[PDB]
């Protein structure tokens, strides 16, 4: 059972341009209202020498508000949970891959994340930490390969004007077989509500809701 109020714990192990790091985080939110907050701490490899914005979207699809007629594939996957794999192709060649495992333990969600950050130019917006958060987007959701897929055109604002884009592709698969929905949209807004000077402590807020195609 997914209650109206739910907490989660997350751990992320990753590598960006050969720099290894680990992140721990805890958060809470309203799974049916589609809102959540998270506080993340860099526990190893801190301070990170690249943009926090490449990581922010990797820190929770069970917290999506869904209309009653769209099956909630990821909520229906519980208690066993689900997994997801993502690819983010940045405009300058930079690539980020993520694998995730989500489960339920003692009434709380547990997230395990693994991240690869490859071929980012040393003078680019990520390496130079020139990003300023992301704009509100819409993930096009659709079934494919006995799984739910999602597509986003992520836009990161830059400090001195303009944007830095990525084509994001994700596959979400329930551990046990559950009813796949038809295509729909998931509108999101993710905000960095607070951070310390070196980004070793970061607070995030996100709202997500499902709408008919």
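Residue numbers count along the first chain shown, from 1.
Deposited sequence between residue 59 and residue 60: 1 to 3 residues lack coordinates. Mean CA temperature factor is higher for 115-123 when stretches 115-123 and 81-89 are set side by side in the entry.
Set against one another, the Cα B-factors of 64, 38, 55, 147 in the record reach their highest point at 147. Compared with the other modelled residues of the chain, the Cα B-factor recorded for residue 182 ranks in the highest third.
Among the modelled residues of the chain, residue 30 sits in the lowest third by CA temperature factor in this PDB entry. The deposited CA B-factor of residue 129 belongs to the highest third of values across its chain. Sort the chain's modelled residues by C-alpha temperature factor and residue 15 lands in the highest third, per the entry.
The entry lists a Cα temperature factor for residue 203 that places it in the lowest third of the chain's modelled residues.
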